[PDB]
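To begin, one chain is listed below as structure tokens, in the form deposited in one PDB entry.
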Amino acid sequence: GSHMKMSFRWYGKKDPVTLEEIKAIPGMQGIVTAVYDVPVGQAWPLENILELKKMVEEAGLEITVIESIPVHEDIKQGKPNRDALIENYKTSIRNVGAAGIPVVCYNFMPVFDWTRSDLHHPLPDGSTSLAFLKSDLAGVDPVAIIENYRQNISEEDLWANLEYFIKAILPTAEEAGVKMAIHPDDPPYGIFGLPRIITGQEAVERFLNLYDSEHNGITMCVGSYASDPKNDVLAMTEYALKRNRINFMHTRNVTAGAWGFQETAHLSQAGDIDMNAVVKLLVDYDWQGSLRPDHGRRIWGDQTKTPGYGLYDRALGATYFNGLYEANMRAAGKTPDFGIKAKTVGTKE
């Protein structure tokens, strides 16, 4: 039976947005977070993870997803020493499973996790947002590693580097009781001479096949995949759902074409994704997992710094998914759940 927990990204103690505020989002159940006191490729201790879990649980929430045990560039490059960094990744997986967190989200995006030309590109209602203007600058070197990928490492080398990775970690994830969920490339194609392989349906199928298990699944980030129109989110969503290989949902809306892309409000008609169709799919497939609204616009006085991570519009995206999820749950004669245990504190009949 279906079981989708609303979740929200939270960067810990140093987050502009707090747990009180997050907790106040109607229907919010999960916290998506990570350890920030340890360098990339170095291995997360249990206590670190546990400190976060305690903060989150006292606030009346739970950590449902570690979003992002970062992958060291040595691993991605496929350099000689990877083995050591991978043993650290194995330790991290183990420590997350030790903490009781079911999913770990990661990426295999060489040197860049994402690219944005504009972090304040206005929208037809007064609100700013992030865009990828294919015209602007794009075609200029970002003022050792780069040339390596450019000169030496092909997409198939990256495919072989990734396969090595996932063959090395997967049994650990199995033993830990933890499911891996690879985040696609953002933008979902090669830029700056750098290669990208997690880019579309063909890529997803080849990925899942590297190690065939539920513990080896995807973060269906619909607004990344559909950043390149060449991609069709819904069949992607569905094949993945048909295969039981979606382990995390991200659900931001974006408008795209031959010209490139710009992130919009989550509403289906604000951009190019049919959001109702997405969750209708989760409904039909009795999907069990977490979804975050992912990214927001700047609206109101939102003085949250960090890119699409202001509380306000992401909140406005979550309740929109409450709507879509509840309606579709009901249309299917299913009864939706939002983790609400009490309506009131101190009254009752």
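In this text, the rigid core denotes the largest set of C-alpha atoms whose superposition between the two forms falls within 1.5 Å. Note that residue numbering begins at 1 and tracks the sequence as displayed.
The protein also exists as the form deposited with a small molecule bound; that form is not presented, and the subsequent description refers to it.
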Stretch in contact in the entry with it bound with the small molecule, which is absent here, among 49-57, 316-324, 286-294, 22-30 (heavy atoms within 4.5 Å): 286-294
Residue 309 versus the small molecule, in the entry with it bound: is there a non-hydrogen atom within 4.5 Å? yes
Consider residue 11 of the chain shown here, and say whether it contacts the small molecule in the entry with it bound, taking contact as heavy atoms within 4.5 Å. yes
Give a yes/no on whether residue 114 approaches the small molecule to within 4.5 Å in the entry with it bound, heavy atoms considered. yes
Within a 4.5 Å heavy atom cut-off, is residue 224 in contact with the small molecule in the entry with it bound? yes
Given that the small molecule is left out here, which of 179, 196, 245, 250 has a heavy atom within 4.5 Å of it in the entry with it bound? 250
Moved residue between the shown form and the other one - picked from 235, 160, 119, 137, where its Cα shifts 2 angstroms or more relative to the rigid core: 137
